[PDB]
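Below: the structure, in structure tokens.
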Amino acid sequence: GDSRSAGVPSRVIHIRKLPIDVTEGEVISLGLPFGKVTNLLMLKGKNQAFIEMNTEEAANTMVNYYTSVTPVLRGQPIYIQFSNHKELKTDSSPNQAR
RNA sequence: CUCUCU
């Protein structure tokens, strides 16, 4: 289906193409001016990420900002959309408890 | 490098 693209979405955005060894400190310092960012995630083995945010309007402005700014991945555009999900969580595996 | 799957 077509459900990859948003139309009335929520607070997690997703990023592709990511740098060779980019860090959370950079990604959150790029989401901080917008609301608070509640979180991020790193699909780092595919060079992809999520960026989850504390307010729907912050993230609407954050994605529209990234549709405006493009912050340039050292010599190419940066590839953003709202997520296939709502509300990111990042807790540890069942093994750690055991 | 389009979604937390390999």
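Here, each number is a calculation from the coordinates, and none is a lab measurement. Neighbour counts run over all protein chains shown; Cβ positions are idealised from the backbone, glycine included.
Each stretch of four or more DSSP H residues adds -39500 (n - 2.57); spread over every residue of chain A, this sum gives -6500 deg cm²/dmol at 222 nm. What the Cβ-Cβ distance of A:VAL8 and A:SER68 gives, at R0 = 22 Å and to the nearest 0.05, is a FRET efficiency of 0.60. Across the alpha-carbon set of chain A, the Rg to Rh ratio works out to 0.98, Rh being the Kirkwood radius.
Normalising the average separation of contacting C-alpha pairs (under 8 angstrom, six or more residues apart) by the number of residues puts the relative contact order of segment A:9-98 at 41 percent. What is the distance in Å between the Cα centroid of segment A:1-36 and that of segment A:53-83? Using only Cα atoms to place each centre, the spacing works out to 6 Å.
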